[PDB]
Amino acid sequence: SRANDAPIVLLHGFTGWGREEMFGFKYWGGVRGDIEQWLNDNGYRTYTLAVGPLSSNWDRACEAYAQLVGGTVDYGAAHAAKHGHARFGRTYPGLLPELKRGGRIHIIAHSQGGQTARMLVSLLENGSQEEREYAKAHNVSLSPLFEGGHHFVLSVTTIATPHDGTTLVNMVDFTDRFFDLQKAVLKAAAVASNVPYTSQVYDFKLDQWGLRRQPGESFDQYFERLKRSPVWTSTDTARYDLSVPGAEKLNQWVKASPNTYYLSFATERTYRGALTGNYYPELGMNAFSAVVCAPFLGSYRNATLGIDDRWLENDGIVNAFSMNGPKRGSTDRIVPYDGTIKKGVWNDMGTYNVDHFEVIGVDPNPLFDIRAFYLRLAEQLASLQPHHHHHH
Ligand SMILES: [Ca+2]
């Protein structure tokens, strides 16, 4: 039964856009519909975050905070100076001013969005010691996000998240395939990549870096410039955070709050080969992933980097082994779901036979009851108790 009234907030990964972008083709629902609308219609108040898809988890968290409470994005003086980007970004009206009033939220995140959510919670709770100290030594102002003490998040749900990174980033032609992936997503929403569209369409939100598609520039050309930009070349990027070392690093500081519930969902759309031990993509997997990404993910081994046979099963984009929760360089606890949702630990809700894009409806899958998946999820989050009790 309903035990809390917190609103649900949806969060995307290395790909994603606002509800008004892509001519309305939703990241959350894709060809299958509108996930946010489905939840709202069924009585679970739901909102959508849109943040920089290629940006670091840190930038994304700063953007999320501001998008939630309202205001101008504050990346932190120490952080901005450390990476040579702007300190202030876009201004948001704020989706949930109630947060400043004691309200809470459930975050449902997909792909890299899971890392962002974890980071958000950490910053909210603990702030940033480095930002606090930089503020004091330089006499610069400080965003509340870096103070700590905030309690807005009742839970975090991650779906197909690379908590321990994805081996996809080790592909020699990663840079080109990655951007071709973006092109495939554009293709899914019936948008061409060789057309200099005058409407926005897909805003990558690179205010901090001063980058944006110009008049007369198609996505193809825009991506060519991005590839040579700091959002692809720096350590303050999705590219880095998505990597096995980059993830481990993030895990070294981004910890599970003992005040928040965490749910994890894994995905797989592969089959094992008997003679090679490798994993192959199943019939139905989004075409781009099956041809370009899956073969690699299910065959790439690296002993020195710790990548072995447990890393081969994948969802076409991320290794399944990486989803149940942070493990590399982490102190977080992961617990297999036993009918009871524990606090401050990762509740491994299992593995689902869906690919990276089918799970959000971007790639069709008629055997996947997407509406029921999310409704079941919403009902489960709504049943979370704001404070459980110790019993026999
Ligand atoms: Ca499919």
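Quick notes on the rules
Residues numbered from 1 in each chain as written, not as in the entry; some residues may be left out. Heavy atoms only, no water. UniProt positions renumbered as here; feature names shortened; annotations may be inferred. Helix = DSSP H or I, 4+ residues; strand = E, 2+ residues; numbered from the N terminus. Contact = heavy atoms within 4.5 Å. Donors = N, O, S within 2.8 Å, 3.2 Å for Na, K, Ca; no water. Buried < 20%, exposed > 50% of the residue type's maximum accessible area, 1.4 Å probe, protein only. Salt bridge = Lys/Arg side-chain N within 4 Å of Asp/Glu carboxyl O.

- Deposited coordinates in this entry are attributed by the record to X-ray crystallography, at a stated resolution of 2.200 Å.

- Under the PDB entry, the name given to the protein chain is Lipase, and the source organism is Geobacillus stearothermophilus.
- The Subcellular location (unreviewed entry) field of the UniProt record for the protein chain holds the comment "Secreted".

Things to note about the UniProt feature "binding site: Ca(2+)" (unreviewed entry) in the protein chain
Step number 1: Mapped onto the present numbering, the UniProt feature "binding site: Ca(2+)" (unreviewed entry) falls at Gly284, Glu358, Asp363 and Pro364. These residues run over 81 residues, yet every pair of their C-alpha atoms falls within 9.3 Å of each other.
Step number 2: The topology assignment puts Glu358 in the loop between strand 11 (346-352) and helix 12 (370-382).
Step number 3: Ignoring any residue separated from it by four or fewer positions in sequence, one finds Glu358 in contact with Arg269, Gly284, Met285, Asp363, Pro364, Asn365, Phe368 and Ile370.
Step number 4: Checked against the element boundaries, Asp363 lands in the loop between strand 11 and helix 12.
Step number 5: Those residues in contact with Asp363, other than ones at most four positions away along the chain, are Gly284, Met285, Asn286, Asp355, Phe357 and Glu358.

Structural notes on the coordination of the calcium ion
Step number 1: At 2.1 to 2.6 Å from the calcium ion lie its protein donor atoms, namely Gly284 (O), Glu358 (OE), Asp363 (OD) and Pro364 (O).
Step number 2: Sequence positions of the residues that donate to the calcium ion give the spacing G-x73-E-x4-D-P.
Step number 3: We classify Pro364 as partly exposed; its relative accessible area is 44%.

A look at the environment of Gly33
Step number 1: One can find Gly33 in the loop between strand 1 (8-11) and helix 1 (35-41).
Step number 2: Separated by 338 residues in the primary sequence, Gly33 and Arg371 have C-alpha atoms spaced 8.9 Å apart.
Step number 3: Here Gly33 is in contact with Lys26, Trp28 and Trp38, once residues within four sequence places are set aside.

Points about the pattern of salt bridges
When the charged atoms of two side chains lie near each other, side chains of opposite charge can form a pair.
Step number 1: On inspection of all chains with the given rule, the structure shows 20 salt bridges.
Step number 2: As a salt-bridge pair, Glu36 and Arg19 come within 3.2 Å of each other at their nearest N and O atoms. On the criterion of sequence distance, the pair formed by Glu36 in helix 1 and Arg19 in the loop between strand 1 and helix 1 is long-range, its members being 17 residues apart.
Step number 3: On the accessibility criterion, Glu36 (9% relative accessible area) is buried.

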